[PDB]
Amino acid sequence: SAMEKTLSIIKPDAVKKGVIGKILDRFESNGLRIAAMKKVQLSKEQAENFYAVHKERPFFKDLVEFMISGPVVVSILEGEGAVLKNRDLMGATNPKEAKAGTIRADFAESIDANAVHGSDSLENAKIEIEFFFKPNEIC
Amino acid sequence: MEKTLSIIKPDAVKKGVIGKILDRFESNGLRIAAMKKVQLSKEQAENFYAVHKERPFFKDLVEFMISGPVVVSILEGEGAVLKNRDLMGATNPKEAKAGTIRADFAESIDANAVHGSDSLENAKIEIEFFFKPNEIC
């Protein structure tokens with residue numbers, strides 16, 4: 001399915017570094033089209049809603065303050081195996097363990113400031129895309 | 001230390017060079033202050049280009065600007081208006097200097113990859129055209 005879609009977030013650390021274009025190019029150079037995209041500032045409540053599953057752990061507060069500490073760029077990436085391809089391009093969550101040439105190897109400072117988010121399954125991609133985008137934004 | 005309007009046009013969006021173009025801005029003293037990918041309506045493109053509506057190329061121009069989606073951004077930095085113009089390069093891609101967006105990604109005068117505001121006054125106008133107060137609260 002050449003029309004598989006997944007959610008990408010370029011997080012506030014990478015936005016502040018000014019590497020939005022370099023990160024987007026990793027996607028477009030590797031068979032993924034930017035189907036939708038906007039730069040947005042999340043409120044505390046919005047980051048809390050998006051990450052409600054981590055309401056669980058100690059690191060929730062820190063995750064939220066980070067995710068609202070500046071603007072992010074949210075995108076729908078579309079293409080064959082988009083969900084897994086995005087994850088492959090992002091690299092392991094720990095930048096120290098991320099393979100060479102991955103976004104997190106190249107641009108991430110630490111586990112906590114790890115540059116990018118990507119949906120981790122088709123199910124979650126559907127939920128995360130709906131959270132950010134109305135159908136008319138997908139063009 | 002100003003703001004200017006950038007549009008990555010439908011030809012360049014279709015080529016999938018959005019990231020390469022944005023990187024030209026970010027690597028050269030411009031920050032992306034605001035940004036969205038949008039599909040312009042015929043109406044919207046007619047309003048944007050309304051100063052040229054008695055010119056003979058109005059029609060094709062409008063048709064091209066709605067032929068696919070575009071990426072509209074506010075670029076912020078010292079001398080942004082001129083800096084964006086220097087990065088875009090000459091209107092005619094055949095005349096655009098090396099390392100410019102139009103030299104690398106534009107096919108012709110008609111399909112020339114990018115728009116940029118041409119003055120501070122037009123920057124303010126163009127920014128207000130695309131980015132109105134819309135944070136509901």
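Reminder, nothing fancy here: chain letters follow the sequence lines and each chain counts from 1. Atom set for the values below is all heavy atoms of this structure, side chains included, hydrogens, waters and symmetry mates excluded.
- Remark: A/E109 CD is loosely packed, at most 12 non-hydrogen atoms of other residues, nucleotides or ligands lying under 6.0 Å away.
- The hydrophobic cluster containing A/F131 also contains A/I129, counting ILVMFWY residues as joined when their side-chain heavy atoms lie under 4.5 angstrom apart, directly or transitively.
- Note on B/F130: it clusters hydrophobically with B/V62, by side-chain heavy-atom contacts below 4.5 Å among ILVMFWY residues.
- Grouping the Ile, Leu, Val, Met, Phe, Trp and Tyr side chains by contacts below 4.5 angstrom, directly or via other members, places B/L82 apart from B/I32.
- Placement of A/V74 and A/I10 in two distinct hydrophobic clusters is found when ILVMFWY residues are connected by side-chain heavy-atom separations under 4.5 Å, directly or transitively.
- More than 12 heavy atoms of other shown residues, nucleotides or ligands fall within 6.0 angstrom of atom NZ in B/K42.
- In terms of non-hydrogen atom pairs under 4.5 Å with chain A, the most contact-rich of B/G68, B/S73, B/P69 is B/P69.
- Hydrophobic clustering places B/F64 together with B/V70 (ILVMFWY residues linked when any side-chain heavy atoms are closer than 4.5 Å, directly or through intermediates).
- Below 4.5 Å, heavy atoms of chain A meet heavy atoms from B/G16, B/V17, B/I18, B/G19, B/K20, B/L22, B/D23, B/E26, B/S27, all part of residues 11-30 of chain B.
- Your options are B/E135, B/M35, B/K36, and the one with the most heavy-atom pairs under 4.5 Å with chain A is B/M35.
- With values rounded to the nearest 0.5 angstrom, A/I138 atom CD1 is found 13.5 Å from B/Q39 atom CD.
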